[PDB]
Structure formats: structure tokens, C-alpha cells
Amino acid sequence: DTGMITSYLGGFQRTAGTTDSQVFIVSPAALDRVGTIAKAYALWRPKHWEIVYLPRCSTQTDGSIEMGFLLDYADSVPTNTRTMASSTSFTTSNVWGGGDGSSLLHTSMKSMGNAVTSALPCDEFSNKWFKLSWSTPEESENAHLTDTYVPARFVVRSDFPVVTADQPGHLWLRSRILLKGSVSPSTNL
Amino acid sequence: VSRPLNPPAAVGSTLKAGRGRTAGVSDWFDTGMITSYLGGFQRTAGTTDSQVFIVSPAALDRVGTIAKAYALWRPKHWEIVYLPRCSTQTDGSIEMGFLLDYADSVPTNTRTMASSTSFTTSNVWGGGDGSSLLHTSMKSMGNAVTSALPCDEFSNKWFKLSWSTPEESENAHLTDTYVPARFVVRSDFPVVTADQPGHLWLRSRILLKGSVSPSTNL
Amino acid sequence: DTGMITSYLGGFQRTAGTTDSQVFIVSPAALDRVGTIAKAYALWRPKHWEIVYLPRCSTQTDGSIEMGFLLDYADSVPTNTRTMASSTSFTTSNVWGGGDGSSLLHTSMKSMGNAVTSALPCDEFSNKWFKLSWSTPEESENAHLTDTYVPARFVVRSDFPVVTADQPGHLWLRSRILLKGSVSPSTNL
Amino acid sequence: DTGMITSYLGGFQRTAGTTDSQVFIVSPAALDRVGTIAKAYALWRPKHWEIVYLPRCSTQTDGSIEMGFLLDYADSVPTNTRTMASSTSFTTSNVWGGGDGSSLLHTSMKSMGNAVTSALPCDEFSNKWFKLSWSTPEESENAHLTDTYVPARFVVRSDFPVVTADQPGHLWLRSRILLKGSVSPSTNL
Amino acid sequence: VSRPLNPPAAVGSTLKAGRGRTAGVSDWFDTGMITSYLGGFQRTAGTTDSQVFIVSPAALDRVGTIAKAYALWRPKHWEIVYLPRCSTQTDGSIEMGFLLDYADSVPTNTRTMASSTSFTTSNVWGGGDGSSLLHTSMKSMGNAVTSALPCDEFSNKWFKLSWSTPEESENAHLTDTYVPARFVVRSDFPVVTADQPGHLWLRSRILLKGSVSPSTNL
Amino acid sequence: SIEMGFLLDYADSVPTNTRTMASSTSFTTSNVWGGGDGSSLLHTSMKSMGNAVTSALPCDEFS
Ligand SMILES: [Ca+2]
Ligand SMILES: [Ca+2]
Ligand SMILES: [Ca+2]
Ligand SMILES: [Ca+2]
Ligand SMILES: [Ca+2]
């Protein structure tokens, strides 16, 4: 058991003229510390996987951010807000809100207050062991196949198109996972 | 030790579905007060510009597919709540209301919009208190900016669930027979650059009645 | 439940190439008895899968044997001692020893003495059922897909590349599995 | 222990001009699933061996079926009904009856109702272990010898000659047996 | 005044015999301790000469036909009692015993006979007290000359009732599978003129199991 | 239909028609698909009833 670990997931990017839509595969692979530790193991299971958004913009900034999870790799990614609002653990807030979530990064408290978070319901995987993968899914790979080793996908969206591109905030991950099975990091793919 | 046998000429049965459910799904359903996303408040450059939302279960994303298994429906509550998400330096206001006759024209100015049913207006950064109304059955209060369709006019009517959108060629009088009403949102302040200062949330409750095969439901 | 059963897995083959390692798929398919019995069932679960190495050579034979498991079909096969050592249930020993393991073939006790064994940690599958397959994984089959019906792969390699090919010992498997769901043997693929 | 297993024993054939008389040796050998499983074992013991007849003909069809067991391989096969009626577990019914026995094929209930079944009293073998045999007894083999490895014989008869041959019903077997002793399927004869 | 009629398409039944009796006869039977005549003790001129009796229900005259209605049987008790009927001036003795393996050879002298199972011997005019054992379940006592087969070895076995006698061509090992044992009686005193100094009575008890048509029983 | 009965004198001839058969001892007759209720009489000591088709020899003459 790794315990709760905080990882920088990436920034919240807003490209001009189009509504942003970043998709993150739920895997330790890319995480600075977790990714490294995980490489020495063959299997893993998510116990807690919650993303907390922290703003870095001015209160004058317009727009909101929308977050949620997709549990079937075959399901398509939401293109509008109404659709996004039906996803798992949907959360939305002004692009400048969420500052109260700061403490969640070094604590284990439950998201509360004006915190902007979205947590993957991990009860779904309490009996499964996923094989740790370090490669990106092929374009040609059948969705049903990918779904077998991808717990879920995390989606981040912008509610409306901006004139000028910017990065309103940061996406942080609080995760706790179980690692099992011995393998050489170099042979772990 | 020995048992008699007396087969019938033929064997069969008589099925009559209808406990109060057909094919495993109730024949009657009440959603209760629910909350879902309606759409964003979009501001543009034309003055005439206004957004129109047809009152229909199709507006509910998840509830939509459920409704597809029923033949009739009735609006028990349909109220829109405006939630601002912008700087208090934002100029302009928002105007909302309902049109009860599909034939009536859509308002193009404030004077006219003000006469719509359950009309309500407010500066675009007002209505913050409305956020507490979401997911709850509480009643409007605070600076909450809301507009509720008086559903008492439909308490005896049963609308047929229609899944296709009204055509152009369709006579307004005909469309009016299956569309309870239209919700209209207008901006009084034309803007240079399009933006979305707030959002529109829907607090509704509908009744679904009558069993029907989803695929045959049109 | 089949109970414990001993099966001849094959011989330990030493050759001239270095990246020469034998790979066995964890499945009842090829087993003399277990294979026949399993044919009448649709699903299975490994409760115990342990390989015991037994010598058949002179005490003058140099070199050692290395065994271990790969839990992800996508992981690559170790090519040197350093990385083989990181496989699951890794074990190693000189090529002519391991006699204390012979009794493990009719007993159910645990590996002790100079016995050379490698037991797959089956607690990993305690909650799932695999569909019994009798065909060999296609060449073109996506590793991720093969992984879905292959519990694990067992790997055996030499550290001492030899001049003349030989067979220093035998690989014995003592397993115990659960079978579930009926199906006609001739229908079982 | 195999537990209760359902096997297709064969159809009930009626040849024209002569009263049918099919004889089945009580052995797992020919059973689709049991036969396969049993091949990996050397010994067996019948705990439950009951045949249930299921009709597939019209209520207009004439005649009845008669079933029973012969416990001594030397005893001759019944040629008429009165004689057949003295065999072990004698059962007889219209060729179109027995439809209520359907449920017995996936249950473990005792035959009841209008079910047409005949069960071998297995208490007789509670202390014996028979050697599994896959060959048919020689014509020349002494009956007393055959009797040593054949628990019993199941006999099916037609009560009267039909004009046109037909297959009025199916013969199903619910069996439960104990298997013991390890052997290679290929060397098991 | 009027009764409805609704005939079936056909009529029939399902028979399953087996209360614990088939065709009017029990499927299980215990004879209890019974007494019957086995044979006479015949003395002849050869030394090798000995009488052999195969343990089988066929040895029971009346019980025999009854057994024919059953498929299996088991010896629970099989004891022979010798009853002398001769002058006390008669020389010689009698030797009796059982052979448990049909392959084993028949004893031809005293030294060898003495090693048979449940061996017993006595002067030909001895054993008078044995007459009280007949028809009763009493246990051997007095000078009673008896020999009892230890039936504990058959307590788990069920023999198939065979009515034909073993052939010559039959391999002893095969015969042994359906013959519980052989009882042997020998004279140690070869005589000039054949005579019969005593008789052999059988005190037995057997179990019969399994229904079968007597005529098909072989 | 079916007709059954007993002949008490081995000398008497066997009936060849219905009129004659009807006079046999414990005579009884019925359509060939009748008598279904009789199946309950088997293995029991119950007495004939229902549409049961039976014929019993008056054994009092042999007492
Ligand atoms: Ca891997
Ligand atoms: Ca419709
Ligand atoms: Ca299969
Ligand atoms: Ca065999
Ligand atoms: Ca017999």
C-alpha cells in the first residue's frame, strides 16, 4: 500500500476558439513518484483516485471548469455541458474557484467546503487487479480491449470558448493504490 | 406405485400483463423534484437574439432514456434557476419567461419580454443565492433568480411523448398541441464578444404513464 | 476441486544462444491428466501452481537454473540474471542439486532443504474465473488480449550458455485448481 | 466426487416387427463429460445411477417402455413383460409419458410425480472400487468374469412390436460417482 | 342432473415397482439361523479320497428355489455339525475344514488337513452331543463336533447367485470370484467296504438381495 | 372394448361372442381406453372404485 500520495496531473489548458477537453487515463504510469514506484510491480488496484483543482487565475477570469469520469472506454467523451453533467462524479466551478482545496493535498480529509474535487468511486475495483501498463493505447486498439486494463478515464472540459489561450489552474491528484507482483522495472511494459 | 396419465388435446396459456408494470417496468412513474443542467446563458451581438428551450423530457439527459419507455407524460413542476459565474464588473442583465402558445412570437425587446409568463430579470452577476436551491426542494428565496412554469394548466392534460423536433413546415397550431410551452432567455445588452456569464439549471418533476416499446416510441 | 496433481512440464533445455529461455503458459491444456479433466468444464481458477526442478545430471555439471513468473502478458521476458531475479516467485540453484524436492511430488508439504521450487501466488485469482482455452495464442494477437485469459507465464532460463545442448533436469508441476460450469469436451475451445 | 451430472444415454429406438431390447452397461466410459473426466482415474464407484426417460412423441403413439436393471452379468435379458417386471427398479409407462421428469436433469430431488425413472440401488457398491474399463466385453469372455468389473446392466424394452420403426423418447442419466487412483488417460484401458 | 365430460387425448400410467418388494416378493430376505441336511460321511478305500461341498444356496433344498428369486446373496453363518450313527467299535476318525481359495489344493493327509480353516476332527462315533444343536441357535458345546466358516470375511461382499456348477475348463481364479469357500471332509482310515458312519448337518444363515426373474437367474 | 371373465369348469367352452362372454363368472367389460382409475388399485389392498375395470374370481368356492 502506497498510502495517499499527491501528484501533479498537469495544468488546465484552455485553447482559443474551442472548448477544451483533456482526457487522462487512470493509471500511475505518468506520475512522478507513484509512476516510479509502480514500475517495480506487475499489478495494481486503485483505492482512492481523486482530482482536486486549484486555481491560479484572477477573479476577473471568465468561464468554469467541468470534471468527471467515464467508466467504459467505449463510451464517447462529452462534447457539451448537459452531457458532461451526467458523468460520474461531475463537478464544475468558476475557473478561479477551489482555493480551499489546498489543504487536501497533504491531508486525508474528505473534500469539503468550497473545494473543487472529483473522486473516482473505487469500490468498483475492490476485487480486481489491473496489470500496470506503460504504453499508450493504439489508435487501432479496440475500445473493448483497452477497457480491460484501464480502470476509467478522467475528463476535464471548459464550458465556453475563450478568445486567448490560457492556463487558469492546476490539476492535482490524491491517490492511494495497492501494488502487487514482482517484476523488473525494465521489463515492465 | 402407479400414477394415472390423462394428457390434454393440446397445451397453452393466457398472458395478460399489467400488475401495474409491463415487461418489468412500471406503467406509471413520478420523478419527484429533480435538478439537471438546462444550458448556458449565451450572450451575442444581435439584439433580436434570444435562446429558446422547448419544455420536454428530451431536455433531461438521463431521465430522457427512461421516459422513452412510456407513452404519456405531464409536467408537474418546471422551474429554471439562473446561476451567475462572472465578475461583478459585468454589465447587462438577463430576462427569462415562458410562452404558452407556440403561435405567439418570441419577444425581441425588454418591454415585450417583461410580459411573458413567469417573467423575471436581474443583473448578470445577481442571483448568487440561487445555488442553494439546487438538488433541494427548498423554495426560492434570497436574491435567487428563478422562473417557474405554472403547471396547474396541465393538471388534466396528458401529453404524448414525442422524440423528434418540430419541423419548419409544421403549422404552429399543430406544434402547440404537443408542446406544453417554450422557455425564453434574452440578453438586454448586446456584446462585442460572445460570452457566457451564467448558467441555467432546471428544477423539474414529471409524470410518465403508459407502457410502450422504446423503439416504437416516436 | 482437483486436489493436488503432479504433471510433467517438460525438461530443462540448455542451448547455445544467450537469450534462450523456455516459456510455459499457465494453463491445464497441455497437462496429461489435468488437461483431460478440465476439458469437461468451462471455467477454472488456480489454487496452487508450483514448479519443482529435479536434477538428472552429474555433480560436475556447471551452471545454474533460474525460474520465475510473469504476471502481465505484455511484460517482456528477462534476458539476464539481474532482471530474472525480479520475476515473481523467483528461485535459482545449481543445475545438479535439488534432490530434497522429490518428495514434494507425492506430498503436499512445503519446499524445504535444497528443493528448487517456484510457486505462483494464487491469492491473486481468488476472486475470478478464467475461461479454459485450448488453442495457442495467435501470433498477431494483442498481448493485452492474451493477458485476459492467461493467468501468468512461467519462465525458465540458464545463466551458463552451453557449447553442447543438454538437459540437466526435469520440470515438474504440482497444481490444484477449481473447475466450474459444464460444457462438452468436444465443444470446449 | 463428481457430483450429479446429466448425460445423454441415447435414444429409445423401436424397430419394426420386433420388441426392442437395448442394453447399457453401467459404466462412465461412453458419457460425454463423465467419460472424459473418468479417463484420468483408475477406479470408480457409483453413488447414484438413475435413468430418466423423456418422451418426444405424440399422445397418439401406442405402446409403453419398460426399464430395469440386471445385477448379475450371467443372468439372461428379459424377453417378455412379465419377466421384465421382476427386474430391479422396474418401471413402465406410455411411450409418451414422463414429461414431468424434466426438472430432474438439473436438480437433485428424488424422482416424484409422473416422472419415469429407474434408479440403480447403489448401496450394493458402497465398499467396492471398480476398475475403469474402456473396451467392450469379448463375445468369448466368461460372464462370471465380466461381472467382476461391470456393476450392472440397464435394460430398456418395448412392450409390443411396432409396424414402423421410430424413436419415441430419450434416455437420460443422472449419475454421481467417485473417482480414485491416478493414471494417464492414454494408458487407461 | 347433468355431469360434465372432458376426456383426455389419451390415457395411461407410470409404474415404478419398489416398496421394498417387486412382483409380490421382498427385495431383501434374511433366512435367520436354519438347519438342513448337508450329506453323509462316506468312507471308501482310497486315502486321497475326500468329499468336497461348495458353499452355495444350491446346497439348501427348499431354500434353494426361494433364492432363485434374488440376484445377490451373502453367507452370515455356515457351520457343519457331524452326527455319529455307528457302533463305538468303529475305528477311524473324521476330519473337516474349509478352503478359502478355490486355487488351493485339497488336503490328502492328516498333517495337511489339520491346517485348513476351522479344522476339527474326532473319532467317528464321537460328537453325540451335537444332536442338541440341531434346529436350535444354541452354541457348540459338549463333545459336539462342528466346523464353522468365519463369515466375517464376507460382511462387505455380495455374491451373485450362480446356479450352474463350475466347469473343468474354468480357471480356478475365476471360480474363486463367486464361490465363498469349499468345505472338505476326509477319512483318515481307509476301509475295505464303503460305509457311512455319520451324517453332516448344516446350520446356516444367508442374506438374499435384489429382485430378478427366477427363469433369467443363472 | 374389452371383455373379461372366468370359466369355472375346464369342460365348458370358451365364449366366442359378446352375448356369450357376458355370461361368464365375474364378467366385466369396458371401452379399451376406460378404467384409468384402476391404476390406484395397484400395490394397495384398496377395493375397486372409480371407473376401475376389474374381474375377481369368487374364491369362496375353494375355501
Ligand atoms: Ca506490465
Ligand atoms: Ca410517442
Ligand atoms: Ca473454453
Ligand atoms: Ca483402466
Ligand atoms: Ca444370477
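Rules used in this analysis
Residues numbered from 1 in each chain as written, not as in the entry; some residues may be left out. Chains lettered and ligands numbered in written order. Part of a larger assembly, values for the part shown. Heavy atoms only, no water. Donors = N, O, S within 2.8 Å, 3.2 Å for Na, K, Ca; no water. Helix = DSSP H or I, 4+ residues; strand = E, 2+ residues; numbered from the N terminus. Buried < 20%, exposed > 50% of the residue type's maximum accessible area, 1.4 Å probe, protein only. Contact = heavy atoms within 4.5 Å. Buried area = accessible area lost by both parts, 1.4 Å probe. Salt bridge = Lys/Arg side-chain N within 4 Å of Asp/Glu carboxyl O. Polar contact = N/O pair within 3.5 Å; in protein donor to acceptor, adjacent residues only side chain to side chain. Nonpolar A, V, L, I, M, F, W, Y, C, P; charged D, E, K, R; others polar. Least-squares fit on C-alpha atoms. Pairing = 2+ DSSP bridges. Axes fitted to C-alpha atoms, helices over the stretch in contact; angles between N-to-C directions. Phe/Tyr/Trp six-rings, centres within 6.5 Å; stacked < 30°, edge-to-face > 60°. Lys NZ or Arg CZ within 6 Å of the ring centre and 35° of its normal.

- Method information in the entry identifies X-ray crystallography as the source of the structure, with 2.7 Å recorded as the resolution.

1. Things to note about the coordination of the calcium ion (ligand 5)
1) Next: Coordination of the calcium ion (ligand 5) by the protein is provided by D72 of chain D (OD), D75 of chain D (OD), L161 of chain E (O) and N217 of chain E (OD1), with metal-donor distances spanning 2.4 to 2.5 Å. On the criterion of chain membership, the pair formed by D72 of chain D in the loop between β4 (64–70) and α2 (81–84) and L161 of chain E in the loop between β11 (159–160) and α3 (172–175) is interchain, its members lying in two chains.
2) Next: For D72 of chain D, a relative accessible area of 2% gives the class buried.

2. Re the interface of chain C and chain A
1) Next: Facing the 17 residues of chain C at the interface are 21 residues of chain A.
2) Next: Contact with chain A buries surface across chain C, with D75, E124 and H144 of chain C losing the most and accounting together for 30% of the total.
3) Next: For the pair chain C and chain A, the interface holds 2 salt bridges.
4) Next: Applying the counting criterion to the chain C and chain A interface returns 9 residue pairs in polar contact.
5) Next: Partitioning the side of chain C that touches chain A into residue classes produces 3 nonpolar, 9 polar and 5 charged.

3. Let's talk about the relation of the copies chain C and chain A
1) Next: Superposing chain C onto chain A requires a rotation of 118° together with a translation of 0.3 Å along the rotation axis, leaving an RMSD of 0.7 Å. Both chain copies can therefore be described as sitting about a three-fold axis.
2) Next: Here only 18% of the interface residues in chain C have copies in chain A that are interface residues too; the copies meet through unlike faces.

4. Quick look at the coordination of the calcium ion (ligand 3)
Ideal values differ by geometry: the angle at a metal is 109.5 degrees with four tetrahedral donors, but 90 or 180 degrees with six octahedral donors.
Residues and elements named next belong to chain C.
1) Next: The protein atoms donating to the calcium ion (ligand 3) are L132 (O), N188 (OD1) and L189 (O), with metal-donor distances spanning 2.4 Å.
2) Next: One chain supplies every donor to the calcium ion (ligand 3), and in sequence these donors are spaced L-x55-N-L. Of this pair, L132 sits in the loop between β7 (130–131) and α3 (143–147) while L189 sits in the segment after β9 (166–182); the two residues are 57 residues apart in sequence, bridging distant segments of the chain.

5. Some points on the side chain of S64 of chain D
Residues and elements named next belong to chain D.
1) Next: Topologically, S64 is positioned in strand β4.
2) Next: Look at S64 and you get buried, because its relative accessible area is 19%.
3) Next: Leave out the neighbours within four places in its chain, and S64 touches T92, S93, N94, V95, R157, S158 and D159.

6. Observations regarding the interface of chain D and chain E
1) Next: Residue-level contacts link 33 residues of chain D with 31 residues of chain E.
2) Next: Summing both partners gives a buried area of about 2500 Å² for chain D against chain E, and 49% of it is carried by carbon and sulfur.
3) Next: Counting the surface chain D buries against chain E, the share from its top three residues, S86, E124 and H144 of chain D, is 21%.
4) Next: The tally of links between chain D and chain E comes to 2 salt bridges.
5) Next: The partner of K160 of chain E in a salt bridge is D147 of chain D, with the nearest N and O atoms 2.9 Å apart.
6) Next: At the surface where chain D touches chain E, the tally comes to 16 residue pairs in polar contact.
7) Next: Elements with a contribution of two residues or more to the side of chain D that touches chain E: β5 (88–94), β6 (116–120) and α3 (143–146) of chain D.

7. As for the environment of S102 of chain C
Residues and elements named next belong to chain C.
1) Next: In this fold, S102 is placed in the loop between β5 (88–94) and β6 (116–120).
2) Next: Overall, the relative accessible area of 40% leaves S102 in the partly exposed class.
3) Next: Taking C-alpha positions, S102 is 19 Å from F90, a pair spaced 12 residues apart along the chain.

8. Describing the environment of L173 of chain D
All names here are of chain D.
1) Next: Of note, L173 is situated in strand β9 (residues 166–182).
2) Next: Through-space distance from the C-alpha of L173 to that of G97 is 17 Å; in sequence the pair is 76 residues apart.
3) Next: With near-sequence residues (within four places) excluded, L173 lies in contact with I5, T6, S7, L9, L31, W49, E50 and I51.

9. A few points about the sheet that holds strand β6 (residues 50–54) of chain E
Residues and elements named next belong to chain E.
1) Next: Strand order in this open sheet of 4 strands is β6-β12-β8-β9, and the pairing throughout is antiparallel. Each edge of the open sheet is held by one strand with a lone partner, namely β6 and β9 (117–123). Neighbouring strand axes in the sheet, compared pairwise and without regard to direction, differ in orientation by 15° on average.
2) Next: Pairing geometry for strand β8 (residues 93–99) and β9, over 5 bridges, is antiparallel. Across the sheet, the residue bridging to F98 is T117, located in β9.

10. Things to note about the packing of aromatic side chains
Where two aromatic rings form a pair, the distance of their centres and the angle of their planes describe that pair.
1) Next: Applying the stated criterion across every chain yields a total of 35 aromatic pairs over all chains.
2) Next: With centroids separated by 5.7 Å and ring planes inclined at 70°, the aromatic side chains of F125 of chain A and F130 of chain A adopt a geometry described as edge-to-face. The exposure classification of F125 of chain A matches that of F130 of chain A, with both residues buried.
3) Next: An aromatic cluster is present here, built from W44, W49, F125 and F130 of chain A joined pairwise through their rings.
4) Next: Note that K128 of chain C overlies the ring of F130 of chain C, its terminal NZ or CZ placed 4.6 Å from the centroid.
5) Next: The ring of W129 of chain D carries the charged tip of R45 of chain D above its face, separated from the ring centre by 4.2 Å.

11. Section: the pairing of strand β9 (residues 166–182) of chain A
Regular strands have side chains that alternate between both faces of the sheet.
Residue and element names in this part refer to chain A.
1) Next: With 8 bridges joining them, strand β1 (residues 5–14) and β9 adopt antiparallel strand pairing. The partner of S7 across the bridge, within β9, is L173.
2) Next: Both strand β3 (residues 41–55) and β9 contribute to a ladder of 13 bridges, which runs antiparallel. Bridge pairing in β9 links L54 to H170.

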